[PDB]
Every structure is written in C-alpha cells, then in structure tokens.
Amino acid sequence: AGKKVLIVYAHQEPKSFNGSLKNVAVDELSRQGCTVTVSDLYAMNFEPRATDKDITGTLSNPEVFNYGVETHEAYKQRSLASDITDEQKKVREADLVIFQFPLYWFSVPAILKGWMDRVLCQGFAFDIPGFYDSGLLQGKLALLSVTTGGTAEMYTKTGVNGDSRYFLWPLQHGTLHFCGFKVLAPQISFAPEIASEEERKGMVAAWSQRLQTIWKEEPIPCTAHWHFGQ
C-alpha cells in the first residue's frame, strides 16, 4: 500500500525558494511512489474570505449570520461552496498534509489562513466534542515547511523574535492538533534571501533528504511544554 500527500502551497513566484522546496517535495515523494497532490493557492486564486457565499442552501438563520453555525450546517447538508469541498476531498484522502509557505507576520500568508478558516469547518475537521486528540482528522500527519526572513539566531529564546517554536503554537496546536492531526517536527528554512547560493542548495537538499525518511518519523508532543518549555 502507498501513501497520499497533499501539499498546500502558498507563494506567488514559482522560481522562489518556496517554489523549490515545494517542487523538491513533489519530486522526492513522487520518486518514492507516493500519490502527490498540490494546492497552489495563489494560482488557484483561492478565496480567503469566510462569507455567506460559502453556503449554497437555505441559511439556518438568515436574520443573524453566524459563519461557524452556517458552515457546519452546510457541511452536513452538502451545500458548501465547491472550492471548499474540493479541498476537503484532498485532505480527506491524504495521509500527510504539508504546508509550504513563507512566514508572514509570525504566521501563514492570508490566502493560507483563509484555506484553514474555510476548509477546516465543523463536521469535517472536528466536532464538539471531538477535537484535539479526538479531532476528526485523527490518523493524519501534518507538517509545516516554513521559510523566514529572520535568522535562526533571531528566532532563539533570547533572540529579538523569541523562540521559533513560539509562533508555531497557533498553527500546530491551535489548528492542526485541534483537528486531530499528528504533528511532525517543523521544517524551517531560515533566512533564505540572506543565505548564499550554496547555503540555499543545502537547505533545499536537507528538505529532500529528510523526506526520504519522513514515513519513519515520530510526531512531536504537541504540548505547551514542547512549544514553551517550563
């Protein structure tokens, strides 16, 4: 039996470092005989906005619009916007979901945040109860491949940006673990733009090299302790 992988890619330039890290992941996982799918958000012109346009049926409460309530109802009625269900198909089938993106304000670019806001709706990604360890997407693995402008030193506890794990909290714990995902150690390619042609090559290579044994990896303990120590 093989493995299915969904790569949610968020970058505008194919020739970029992120483009390379995404292409390299495609190459390597393809080479492994893995089933690979790529959601090139910018090319898809993915709708980041959570609006009533995401529902197609009779709103549960057309007097007072509540996105969460409405999307959960739409999901259960199969009346969500198609672009959302398409993504949910990709995720539903994936064994691993990789997010390739540059760090935008200690987080993911808006287009990617929209992906998370709209795709990971109630009923599909989680239920109440049914989150964190009980997340509907339990059994799946998720990994953040992040490129940064700041340096590794800047992202240390005593660095000006604080520990790199600090900003991973909302994405890894708040979003992924909440949905049931098991989180693999993040792949951070620090300050590519500052790096030399050689160092860049090494960063790209290291990612491919790591993917060779990605199926053997254990997930990180997605806890407050892992992120903040104490």
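Numbers for residues come from their place in the sequence shown, where the first is 1. Definition used throughout: the rigid core is the maximal C-alpha set that superposes within 1.5 Å between two forms.
*Asks:* For a rigid core alignment of each structure in 9 other deposited structures of this protein onto the shown form, which stretch has the higher root mean square Cα deviation: 27-35 or 50-58?
*Replies:* Comparing 50-58 with 27-35, the one that moves more in 9 other deposited structures of this protein is 50-58.
*Asks:* May I ask you to compare 203-211 and 15-23 by their mean CA B factor in the entry and name the higher one?
*Replies:* Going by the record's values, the stretch with the higher mean is 203-211.
*Asks:* If you take the mean CA temperature factor per stretch, which one wins between 155-163 and 136-144?
*Replies:* Mean CA B-factor is higher for 155-163.
*Asks:* Among the choices 40, 54, 197, 47, identify the one whose CA B-factor in the record is greatest.
*Replies:* Checking the PDB record, the top C-alpha B-factor among 40, 54, 197, 47 is at 197.
*Asks:* Just to confirm, going by the entry's C-alpha B-factors, which of 32, 58, 187, 172 comes out highest?
*Replies:* Highest C-alpha B-factor among the listed options: 58.
*Asks:* Considering every modelled residue of the chain and its Cα B-factor in the PDB entry, is residue 176 in the lowest, middle or highest third?
*Replies:* Tercile = lowest for this residue's CA B-factor.
*Asks:* Just say lowest, middle or highest third for the CA B-factor of residue 97 relative to the other modelled residues in its chain.
*Replies:* CA B-factor rank for residue 97: lowest third.
*Asks:* In terms of the chain's CA B-factor thirds, is residue 6 lowest, middle or highest?
*Replies:* Tercile = lowest for this residue's CA B-factor.
*Asks:* C-alpha B factor of residue 85, ranked within the chain: lowest, middle or highest third?
*Replies:* According to the entry, residue 85 has a C-alpha B-factor in the chain's middle third.
*Asks:* Could you say whether, by C-alpha temperature factor, residue 77 belongs to the lowest, middle or highest third of its chain?
*Replies:* According to the entry, residue 77 has a C-alpha B-factor in the chain's highest third.
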